[PDB]
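In the deposited numbering, the protein residues as written are 4 to 125, 127 to 261. Even for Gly, the Cβ is constructed at its ideal location relative to N, Cα and C. Some notes on the structure that comes next.
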Amino acid sequence: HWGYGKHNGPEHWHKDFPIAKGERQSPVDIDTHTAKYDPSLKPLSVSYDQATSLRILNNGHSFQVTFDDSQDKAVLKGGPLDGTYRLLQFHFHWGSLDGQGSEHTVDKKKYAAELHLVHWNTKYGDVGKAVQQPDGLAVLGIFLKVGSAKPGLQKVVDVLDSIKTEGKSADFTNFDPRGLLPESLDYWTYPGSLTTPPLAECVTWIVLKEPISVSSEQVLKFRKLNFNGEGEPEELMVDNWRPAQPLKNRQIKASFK
Ligand SMILES: [Zn+2]
């Protein structure tokens with residue numbers, strides 16, 4: 004029922020999901036002058052060499068690439084995290100225009116899109133159990149700006165015409181998510197939530213400072229996806245982002261000076 008329209012969008016979600024007005028909701032604005040460097044943040048470890056991608060799918064809200072998480076293969080460790088977090092899926096949020104689309108903002112700046120690499124804490129055994137825990141998930145968020153093409157994104161963009169509508173999926177094996185990462189792993193971190201229903205307060209957010217550049221042609225392909233299913237009225241999948249939520253009693257910590 005929920006979505007991103009006038010009558011079912013983020014301002015309505017609290018009726019079915021009262022945690023929408025909770026104490027650790029995401030996304031947030033990252034005020035760069037107020038975020039404090041934390042020298043105790045240990046090294047961040049993105050180990051994606053053995054990643055096994057499986058499928059790409061349009062779920063009616065975004066598109067996602069799924070991974071085999073039945074073994075420690077592609078894992079996130081270090082930084083603010085205790086333990087090992089397995090990569091389950093990545094997806095994006097994007098805008099109808101280049102000046103909006105990201106969920107997190109940086110000094111109120113919106114990027115054209117935001118990539119979320121979603122990982123879950125193996127101490128909880130499965131992702132469903134992890135989402136019930138305050139430290140169950142770790143999401144690596146990466147901003148996209150429009151400029152030069154990202155070569156490591158093109159394989160994704162070229163298959164989107166095959167998953168145009170909600171419920172479509174395709175094989176998407178042998179995709180290397182290392183090709184979506186910027187050079188620097190400098191990051192901000194804070195405790196937050198899923199940015200879609202159920203809005204569970206289970207996420208350690210790790211937002212990279214360095215955006216990746218994608219081309220206008222790449223993002224235009226995102227914008228031709230559909231929220232609707234096949235054989236229904238076409239509503240373009242654009243502006244599938246939740247706006248910044250109140251920071252409340254939280255501090256955003258920086259890994260860098
Ligand atoms: Zn997301």
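Within the stretch 132-184, the complete alpha helix (DSSP H) segments at least 4 residues long are 158-163, listed from N- to C-terminus. Here DSSP, grouped into helix, strand and coil, assigns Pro195 to strand. Considering only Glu14, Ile59, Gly6, the residue with the shortest C-alpha distance to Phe179 is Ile59. For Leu47, the uninterrupted beta strand (DSSP E) run begins and ends at 47-50, by DSSP.
The three-state reading of DSSP puts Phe20 in coil, since its state is none of H, G, I, E or B. Residue list for ligand 1: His94, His96, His119, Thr199 (CB closer than 6 Å to any heavy atom, chain order). For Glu117, the number of other beta carbons within 10 angstroms of its own is at least 16, and it is reported as buried. Residue pairing of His119 in beta bridges, as defined by DSSP: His94, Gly145. Under the three-state reduction of DSSP output, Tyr114 falls in the coil class, being neither helix nor strand.
Taking a contact as a CB-CB distance under 8 Å, the pair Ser65 and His96 counts as one, their CB atoms being some 7 Å apart.
Secondary-structure assignment with DSSP links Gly81 through a beta bridge to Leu47.
Pairing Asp75 with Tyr51, the inter-Cα distance amounts to about 10 Å. In this structure, the straight-line span from the alpha carbon of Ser152 to that of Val218 is close to 6 Å.
Here DSSP, grouped into helix, strand and coil, assigns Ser105 to coil. Here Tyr40 carries a strand assignment [DSSP, helix/strand/coil]. Checking the DSSP bridge columns, you'll see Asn61 partnered with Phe66.
Scanning its chain for C-beta atoms nearer than 8 Å, with the 5 sequence neighbours on each side dropped, one finds around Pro215 the residues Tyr114, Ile146, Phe147, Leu148, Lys149, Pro186, in chain order. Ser217: member of the beta strand (DSSP E) spanning 216-218, first to last residue.
A check of alpha carbon separations from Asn253 across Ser73, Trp209, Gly196 identifies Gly196 as the nearest.
Rounded to the nearest whole angstrom, the CA to CA distance from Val242 to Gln67 is 15 Å.
In terms of Cα proximity to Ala23, the closest of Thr55, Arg227, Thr200 is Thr200. Exclusion of the five residues before and after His17 leaves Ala23, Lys24 as the residues of its chain whose Cβ lies within less than 8 Å of its Cβ. Annotation for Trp209: the continuous beta strand (DSSP E) segment containing it runs 207-212.
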